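Colleague: Quick one, query_16.txt (compact mmCIF, C-alpha atoms):
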```
# COMPACT_ATOMS: atom_id res chain seq x y z
CA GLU I 154 14.49 -47.37 18.92
CA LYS I 155 13.27 -43.79 18.53
CA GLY I 156 14.10 -41.93 15.31
CA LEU I 157 14.07 -38.20 14.62
CA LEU I 158 14.39 -37.22 10.96
CA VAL I 159 15.92 -33.76 10.43
CA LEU I 160 15.86 -31.45 7.39
CA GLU I 161 18.35 -28.64 6.82
CA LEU I 162 16.66 -26.19 4.45
CA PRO I 163 18.69 -23.20 3.19
CA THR I 164 16.26 -20.21 3.13
CA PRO I 165 12.92 -21.84 2.34
CA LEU I 166 9.75 -21.72 4.42
CA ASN I 167 8.31 -18.30 5.29
CA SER I 168 4.97 -18.03 7.08
CA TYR I 169 1.77 -19.83 6.02
CA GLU I 170 3.04 -21.94 3.12
CA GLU I 171 2.76 -25.73 3.14
CA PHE I 172 5.46 -28.35 2.62
CA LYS I 173 5.37 -32.08 1.91
CA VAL I 174 7.91 -34.67 3.09
CA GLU I 175 7.86 -38.30 1.96
CA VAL I 176 10.10 -41.21 2.98
CA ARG I 177 10.53 -44.19 0.63
CA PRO I 178 11.90 -47.32 2.35
CA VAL I 179 12.90 -50.30 0.26
CA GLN I 180 10.29 -52.39 2.12
CA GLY I 181 7.07 -51.15 3.68
CA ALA I 182 4.70 -48.28 3.10
CA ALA I 183 5.97 -44.82 2.23
CA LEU I 184 5.39 -42.25 4.96
CA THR I 185 3.62 -39.00 4.04
CA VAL I 186 3.99 -35.86 6.16
CA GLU I 187 2.32 -32.53 5.41
CA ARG I 188 2.30 -29.52 7.75
CA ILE I 189 1.64 -25.79 7.55
CA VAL I 190 3.78 -23.14 9.24
CA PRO I 191 1.77 -21.19 11.84
CA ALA I 192 1.36 -17.43 11.81
CA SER I 193 3.19 -16.88 15.12
CA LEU I 194 6.93 -17.49 14.86
CA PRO I 195 9.42 -16.55 17.59
CA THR I 196 12.66 -14.73 16.84
CA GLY I 197 14.61 -17.82 17.93
CA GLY I 198 14.35 -21.33 19.28
CA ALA I 199 12.13 -24.18 18.25
CA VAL I 200 8.49 -23.68 17.25
CA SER I 201 5.91 -26.47 17.32
CA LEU I 202 4.12 -27.33 14.07
CA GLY I 203 1.45 -29.44 15.78
CA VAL B 8 -0.19 -79.90 -11.14
CA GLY B 9 1.53 -78.35 -8.14
CA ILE B 10 3.62 -75.85 -10.10
CA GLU B 11 0.74 -73.83 -11.55
CA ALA B 12 -0.94 -73.80 -8.14
CA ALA B 13 2.28 -72.37 -6.69
CA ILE B 14 2.39 -69.72 -9.43
CA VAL B 15 -1.21 -68.68 -8.73
CA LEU B 16 -0.40 -68.58 -5.01
CA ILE B 17 2.61 -66.34 -5.65
CA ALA B 18 0.51 -63.98 -7.76
CA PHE B 19 -2.27 -63.76 -5.19
CA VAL B 20 0.19 -63.13 -2.35
CA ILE B 21 1.89 -60.38 -4.37
CA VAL B 22 -1.49 -58.72 -5.04
CA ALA B 23 -2.29 -58.80 -1.32
CA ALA B 24 1.06 -57.19 -0.50
CA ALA B 25 0.35 -54.28 -2.86
CA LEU B 26 -3.11 -53.85 -1.34
CA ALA B 27 -1.58 -53.82 2.14
CA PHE B 28 1.04 -51.25 1.12
CA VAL B 29 -1.64 -48.94 -0.31
CA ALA B 30 -3.91 -49.43 2.71
CA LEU B 31 -1.24 -48.61 5.30
CA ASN B 32 0.08 -45.63 3.33
CA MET B 33 -3.32 -44.02 2.85
CA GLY B 34 -4.48 -44.88 6.37
CA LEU B 35 -1.46 -43.18 7.90
CA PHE B 36 -1.98 -40.14 5.68
CA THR B 37 -5.68 -39.84 6.52
CA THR B 38 -5.01 -40.26 10.24
CA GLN B 39 -2.43 -37.47 10.09
CA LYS B 40 -4.83 -35.21 8.20
CA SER B 41 -7.60 -35.95 10.70
CA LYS B 42 -5.23 -35.00 13.52
CA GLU B 43 -4.39 -31.75 11.73
CA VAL B 44 -8.00 -30.84 10.97
CA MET B 45 -9.22 -31.46 14.51
CA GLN B 46 -6.27 -29.45 15.83
CA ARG B 47 -7.29 -26.62 13.52
CA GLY B 48 -10.87 -26.91 14.74
CA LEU B 49 -9.72 -26.61 18.34
CA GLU B 50 -7.68 -23.57 17.30
CA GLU B 51 -10.75 -22.03 15.64
CA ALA B 52 -12.78 -22.63 18.81
CA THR B 53 -10.61 -20.19 20.77
CA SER B 54 -9.10 -16.85 19.66
CA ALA B 55 -12.33 -14.90 19.94
CA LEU B 56 -11.16 -11.25 20.15
CA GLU B 57 -13.43 -8.82 22.01
CA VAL B 58 -13.95 -5.15 22.79
CA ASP B 59 -12.12 -4.05 25.96
CA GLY B 60 -13.44 -0.73 27.17
CA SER B 61 -15.17 2.26 25.60
CA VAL B 62 -15.01 3.47 22.00
CA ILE B 63 -13.47 6.94 21.85
CA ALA B 64 -13.95 9.34 18.94
CA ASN B 65 -12.17 12.46 17.68
CA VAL B 66 -14.35 15.46 16.83
CA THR B 67 -13.21 18.49 14.84
CA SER B 68 -15.34 21.45 13.67
CA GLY B 69 -18.41 19.91 15.32
CA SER B 70 -18.28 16.56 13.48
CA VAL B 71 -16.77 13.21 14.42
CA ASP B 72 -13.58 12.56 12.44
CA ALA B 73 -11.74 9.54 13.89
CA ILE B 74 -12.89 6.52 15.88
CA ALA B 75 -10.74 4.42 18.24
CA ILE B 76 -11.99 0.94 19.19
CA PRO B 77 -10.11 -0.81 22.03
CA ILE B 78 -9.92 -4.59 21.64
CA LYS B 79 -8.18 -7.49 23.38
CA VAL B 80 -7.94 -11.26 22.98
CA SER B 81 -10.38 -13.53 24.79
CA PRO B 82 -9.38 -16.04 27.48
CA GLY B 83 -7.53 -18.98 25.98
CA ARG B 84 -4.50 -17.09 24.58
CA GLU B 85 -3.90 -18.44 21.03
CA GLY B 86 -3.34 -15.04 19.41
CA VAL B 87 -5.07 -13.62 16.33
CA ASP B 88 -3.06 -12.76 13.22
CA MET B 89 -3.44 -9.07 12.34
CA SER B 90 -1.47 -9.10 9.08
CA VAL B 91 -2.53 -6.90 6.18
CA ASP B 92 -3.25 -9.80 3.82
CA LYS B 93 -5.17 -11.89 6.36
CA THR B 94 -7.49 -9.43 8.16
CA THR B 95 -10.28 -7.33 6.65
CA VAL B 96 -12.17 -4.49 8.35
CA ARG B 97 -15.70 -3.59 7.25
CA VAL B 98 -17.15 -0.12 7.85
CA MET B 99 -20.89 0.47 7.42
CA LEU B 100 -21.79 4.17 7.33
CA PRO B 101 -25.22 5.83 7.04
CA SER B 102 -24.54 6.86 3.43
CA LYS B 103 -21.41 4.82 2.67
CA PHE B 104 -20.42 1.16 2.75
CA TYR B 105 -16.80 -0.02 2.64
CA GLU B 106 -15.87 -3.68 2.32
CA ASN B 107 -12.15 -3.41 3.14
CA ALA B 108 -10.65 -0.33 4.80
CA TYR B 109 -7.75 -2.11 6.53
CA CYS B 110 -4.25 -0.80 5.83
CA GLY B 111 -2.16 -2.77 8.33
CA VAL B 112 -0.76 -2.85 11.86
CA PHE B 113 1.89 -0.43 13.10
CA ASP B 114 3.71 -1.03 16.37
CA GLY B 115 2.79 1.24 19.26
CA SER B 116 6.22 2.62 20.07
CA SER B 117 4.31 5.15 22.24
CA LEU B 118 5.33 7.76 19.62
CA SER B 119 5.98 11.09 21.37
CA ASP B 120 3.07 10.25 23.69
CA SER B 121 -0.26 8.38 23.69
CA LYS B 122 -2.34 11.30 22.39
CA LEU B 123 -5.22 10.50 20.06
CA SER B 124 -4.11 13.39 17.85
CA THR B 125 -0.52 12.11 17.81
CA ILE B 126 -1.64 8.58 16.90
CA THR B 127 -4.01 9.77 14.18
CA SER B 128 -1.42 12.18 12.75
CA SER B 129 1.92 10.35 12.85
CA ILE B 130 0.55 7.11 11.39
CA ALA B 131 -0.52 7.27 7.75
CA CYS B 132 -1.62 4.51 5.37
CA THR B 133 -1.00 4.44 1.63
CA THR B 134 -4.44 3.00 0.88
CA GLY B 135 -7.39 2.78 3.25
CA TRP B 136 -7.75 4.22 6.72
CA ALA B 137 -8.35 1.62 9.43
CA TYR B 138 -5.19 0.44 11.19
CA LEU B 139 -4.52 -1.29 14.50
CA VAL B 140 -1.98 -0.13 17.10
CA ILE B 141 -0.50 -2.72 19.48
CA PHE B 142 0.66 -1.79 22.97
CA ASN B 143 3.09 -3.75 25.17
CA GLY B 144 3.74 -6.02 22.19
CA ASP B 145 6.83 -7.86 21.00
CA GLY B 146 6.85 -6.29 17.53
CA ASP B 147 4.96 -9.01 15.65
CA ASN B 148 1.84 -8.55 13.54
CA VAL B 149 -0.10 -10.99 15.74
CA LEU B 150 -2.25 -9.84 18.66
CA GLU B 151 -1.55 -12.11 21.64
CA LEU B 152 -2.49 -12.09 25.31
CA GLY B 153 -0.64 -9.40 27.22
CA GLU B 154 -0.86 -7.11 24.18
CA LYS B 155 -3.38 -4.27 24.04
CA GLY B 156 -4.73 -3.20 20.65
CA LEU B 157 -6.45 0.04 19.66
CA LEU B 158 -8.06 0.04 16.21
CA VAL B 159 -8.32 3.51 14.65
CA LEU B 160 -10.49 4.79 11.78
CA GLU B 161 -9.72 7.92 9.78
CA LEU B 162 -13.03 9.06 8.28
CA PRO B 163 -12.99 12.04 5.87
CA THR B 164 -16.15 14.09 6.67
CA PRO B 165 -18.64 11.43 7.77
CA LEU B 166 -20.45 11.22 11.10
CA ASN B 167 -22.57 14.19 12.18
CA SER B 168 -24.71 13.98 15.32
CA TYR B 169 -27.12 11.13 16.14
CA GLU B 170 -26.46 8.76 13.24
CA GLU B 171 -25.27 5.20 13.80
CA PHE B 172 -22.26 3.42 12.32
CA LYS B 173 -21.22 -0.23 12.15
CA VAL B 174 -17.65 -1.58 12.23
CA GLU B 175 -16.79 -5.25 11.67
CA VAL B 176 -13.42 -7.02 11.79
CA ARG B 177 -12.91 -10.27 9.86
CA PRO B 178 -9.89 -12.29 11.03
CA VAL B 179 -8.80 -15.32 9.06
CA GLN B 180 -9.41 -17.47 12.16
CA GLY B 181 -11.90 -16.82 14.93
CA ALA B 182 -15.19 -15.00 15.27
CA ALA B 183 -15.79 -11.71 13.52
CA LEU B 184 -16.11 -8.76 15.90
CA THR B 185 -19.19 -6.53 15.60
CA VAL B 186 -19.18 -2.95 16.93
CA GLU B 187 -22.14 -0.56 16.72
CA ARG B 188 -22.31 2.83 18.43
CA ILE B 189 -24.35 6.03 18.18
CA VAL B 190 -22.87 9.53 18.32
CA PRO B 191 -24.20 11.47 21.35
CA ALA B 192 -25.96 14.80 21.11
CA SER B 193 -23.28 16.72 23.04
CA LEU B 194 -20.06 17.14 21.07
CA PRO B 195 -17.22 19.45 22.15
CA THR B 196 -15.53 21.84 19.73
CA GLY B 197 -12.30 19.83 20.07
CA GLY B 198 -10.63 16.91 21.75
CA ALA B 199 -11.83 13.37 22.23
CA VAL B 200 -15.45 12.53 23.07
CA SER B 201 -16.51 9.26 24.67
CA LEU B 202 -19.01 7.08 22.82
CA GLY B 203 -19.72 4.85 25.82
```
Take the structure in the file and write it out as structure tokens.
Modeller:
Amino acid sequence: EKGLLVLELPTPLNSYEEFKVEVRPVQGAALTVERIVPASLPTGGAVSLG
Amino acid sequence: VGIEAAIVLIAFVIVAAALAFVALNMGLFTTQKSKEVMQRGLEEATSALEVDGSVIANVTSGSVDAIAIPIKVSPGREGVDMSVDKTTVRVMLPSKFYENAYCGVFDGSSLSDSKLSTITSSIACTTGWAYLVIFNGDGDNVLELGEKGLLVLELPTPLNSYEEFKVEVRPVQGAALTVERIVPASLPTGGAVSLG
């Protein structure tokens, strides 16, 4: 099974600032995700964060 | 006899579980950060930025006033950010040294036309002189492939004949660009003069 975890953020996240996302299951290791928004952002559509 | 052995076994298993939890969590985090850092290194490898063409200067009253330096992005795409807060331009003059003369990037809407006088006159900066003008761009402050950039200096009463000047651009990512030219002996009373 493939899972895609989605965040709906109302008016955060301009250019160049970092964010941190952590998942805490009842069993197993917590997952840590940290990414930085790139300088080049299109006017619409998805942008890859690497 | 058995019961205390079972209790010790339970304790030792629980300790091992905590160690495993910590190990997997930190290993996943460090693998992700290694991925990110090597991706950033690959990004830094490209995005060179280079001079495309000849530097062209504006001369008034027998002295060089403004300097236009044409630049483009190197092969590999991966555009260079030209924002005000991320790029610094260094100007080294025979009697002056400026660490940061960058004022920003204004879109090249072609103005009334592509005159050097029109570009130098219509655009003004609140602080500093050097600005970059993008051509054929999409309106962003990032110089990408397919976009032509012309970096302009507004120099108040430097640059007579025969003395050298040095201009350096310092992007946040990628190699710094070094430009050095010498003013020729023959300067017209007006209009642009080529610096080669």
Colleague: Could you tell me which residues of chain I sit within 9 Å of chain B when counting all atoms listed in the file, and give me the result as a count of residues only?
Modeller: 13
Colleague: For residue 111 (chain B), which residue out of B:188, B:144, B:158, B:168 is the nearest one, using all atoms listed in the file?
Modeller: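 The shortest atom-to-atom distance to residue 111 (chain B) comes from B:158.
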Colleague: Excluding same-chain residues fewer than 5 positions from region 67-78 of chain B, what lies within 10 Å of it counting only C-alpha atoms, as an MDAnalysis selection string?
Modeller: chainID B and resid 56:62 123:124 127 136:141 150 154:168 174 184 186 190 193:202
Colleague: I'd like the interatomic distance between CA of residue 172 (chain I) and CA of residue 189 (chain I), to a tenth of an Å.
Modeller: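 Computing it gives 6.7 Å between the two atoms.
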Colleague: For the atom pair CA of residue 201 (chain I) and CA of residue 164 (chain I), what is the interatomic distance in Å to one decimal place?
Modeller: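 According to the coordinates, CA of residue 201 (chain I) and CA of residue 164 (chain I) are separated by 18.6 Å.
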Colleague: Quote the spacing between CA of residue 17 (chain B) and CA of residue 178 (chain I) in Å to one decimal place.
Modeller: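 CA of residue 178 (chain I) lies at a distance of 22.6 Å from CA of residue 17 (chain B).
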Colleague: Residues within 9 Å of residue 101 (chain B), please, as JSON, numbers by chain. Count all atoms listed in the file; anything in the same chain fewer than 2 positions from it doesn't count.
Modeller: {"B": [99, 103, 104, 165, 166, 170, 171, 172, 173]}
Colleague: Find the axis-aligned box for region 32-42 of chain B, covering all its listed atoms and adding 3 Å on each side, and write its centre and edge lengths in Å to one decimal as AutoDock Vina command-line options.
Modeller:
```
--center_x -3.8 --center_y -40.3 --center_z 8.2 --size_x 13.7 --size_y 16.6 --size_z 16.7
```
